[PDB]
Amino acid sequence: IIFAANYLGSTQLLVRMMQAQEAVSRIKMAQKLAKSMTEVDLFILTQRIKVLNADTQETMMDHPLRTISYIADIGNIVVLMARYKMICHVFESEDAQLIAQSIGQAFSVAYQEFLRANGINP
């Protein structure tokens, strides 16, 4: 599972949905100021979430899913919250809902596996 998005920036967290909204706006204010996004590819799996440069295919971000807490698609932006302490990545995409849906599904499966390994039957 790999989708294309445009990296817009990221804020840091020292409710989630709101913290996402606030991450989206913060990004937007900076964007609005610098204005008058870099091409990336989000690789999704049950093991992690990697952000590769859409050109160099070089690894920008690599988060093992368990370090990833919340994911939210707000219209056309994707907010990934991973553990200043917490970090909020703001991406913009056409498939912003499918990226979130996909990452949430990844969560579900990864969690079933986690439960499974602990002797709990999922």
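Note that residue numbering follows the sequence shown and begins at 1.
- The deposited sequence places 10 or more unmodelled residues between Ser36 and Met37.
- According to the entry, the deposited sequence runs straight from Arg66 to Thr67 with no unmodelled residues in between.
- Averaged over their C-alpha atoms, the temperature factors of 93-101 and 49-57 are higher for 49-57.
- Comparing the deposited coordinates for 27-35 and 66-74, the stretch with the larger average C-alpha B-factor is 27-35.
- The PDB entry assigns the greatest CA B-factor among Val79, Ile87, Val40, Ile44 to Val40.
- Annotation for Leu13: CA B-factor lies in the middle third of the chain's modelled residues.
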